[PDB]
Amino acid sequence: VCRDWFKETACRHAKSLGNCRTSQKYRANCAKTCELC
């Protein structure tokens with residue numbers, strides 16, 4: 001099952017910063033912050 005992976009906030013950073021889908025972990029590993037799940 002997909003989902004974030006670092007702290008649920010490490011992800012929210014990448015969701016409101018630019019890496020939501022431009023960074024790998026930050027998009028998939030933090031797919032809960034950008035809905036990339």
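Determined via solution NMR.
In case you wondered, yes, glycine gets a Cβ from its N, Cα and C as well.
What Swiss-Prot records for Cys2-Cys37, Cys11-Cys30, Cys20-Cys34 is disulfide bond, and it gives experimental evidence as the kind of evidence. Swiss-Prot lists 2-37 with the feature domain 'ShKT', giving sequence analysis as the kind of evidence. For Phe6, the entry in Swiss-Prot reads site 'Key residue for binding Kv1.2 and Kv1.3', with the evidence type a curator's inference. Positions annotated as site 'Key residue for binding Kv1.3' by Swiss-Prot: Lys7. Sequence annotations record features per position, and here Swiss-Prot assigns site 'Important for binding Kv1.2' to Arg12 based on a curator's inference. Annotation source Swiss-Prot lists site 'Important for binding Kv1.2 and Kv1.3' at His13. If you look up Swiss-Prot, you'll see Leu17, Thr22, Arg27 marked as site 'Important for binding Kv1.3'. Residues or ranges marked as site 'Key residue for binding Kv1.1 and Kv1.3' by Swiss-Prot: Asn19. Look at Swiss-Prot and you will find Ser23, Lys25 tagged as site 'Key residue for binding Kv1.1, Kv1.2 and Kv1.3', backed by a curator's inference. Summarising the annotation, Swiss-Prot assigns site 'Important for binding Kv1.1 and key residue for binding Kv1.3' to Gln24. What Swiss-Prot records for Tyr26 is site 'Important for binding Kv1.1, Kv1.2 and key residue for binding Kv1.3', and it gives a curator's inference as the kind of evidence.
Mapped onto this structure are the features recorded in Swiss-Prot.
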residue	record	Cβ neighbours (10 Å)
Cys2	disulfide bond	10
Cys11	disulfide bond	24
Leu17	site 'Important for binding Kv1.3'	12
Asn19	site 'Key residue for binding Kv1.1 and Kv1.3'	18
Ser23	site 'Key residue for binding Kv1.1, Kv1.2 and Kv1.3'	15
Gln24	site 'Important for binding Kv1.1 and key residue for binding Kv1.3'	10
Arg27	site 'Important for binding Kv1.3'	18
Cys30	disulfide bond	27
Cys34	disulfide bond	20
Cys37	disulfide bond	11
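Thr22 (site 'Important for binding Kv1.3') is surrounded by 10 other CB atoms, counting those within 10 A of its CB over all protein chains shown. Relative to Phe6 (site 'Key residue for binding Kv1.2 and Kv1.3'), the recorded positions with Cα atoms inside 10 Å are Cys30, the candidates having been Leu17, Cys20, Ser23, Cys30. For the domain 'ShKT' (2-37), residue counts in helix, strand and coil come to 20 helix, 0 strand, 16 coil, using DSSP.
Within 10 Å of the C-beta of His13 (site 'Important for binding Kv1.2 and Kv1.3') we count 16 further C-beta atoms, all protein chains included. Here the Cα atom of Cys37 (disulfide bond) is found 8 Å from that of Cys30 (disulfide bond). In sequence order, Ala14, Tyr26, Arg27, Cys30, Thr33, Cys34, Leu36 are the residues of the chain that are 6 or more apart from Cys20 (disulfide bond) and have a CB within less than 8 Å of its CB. Among the recorded sites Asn19, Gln24, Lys25, the ones whose Cα sits within 10 Å of the Cα of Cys11 (disulfide bond) are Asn19, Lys25, in sequence order. Between the CA atoms of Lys25 (site 'Key residue for binding Kv1.1, Kv1.2 and Kv1.3') and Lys7 (site 'Key residue for binding Kv1.3') there is a gap of 12 Å, rounded to the nearest whole number. Comparing Cβ neighbour counts within 10 Å across the recorded sites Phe6, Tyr26, the minimum falls on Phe6. A distance of 13 Å separates the Cα atom of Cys2 (disulfide bond) from that of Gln24 (site 'Important for binding Kv1.1 and key residue for binding Kv1.3').
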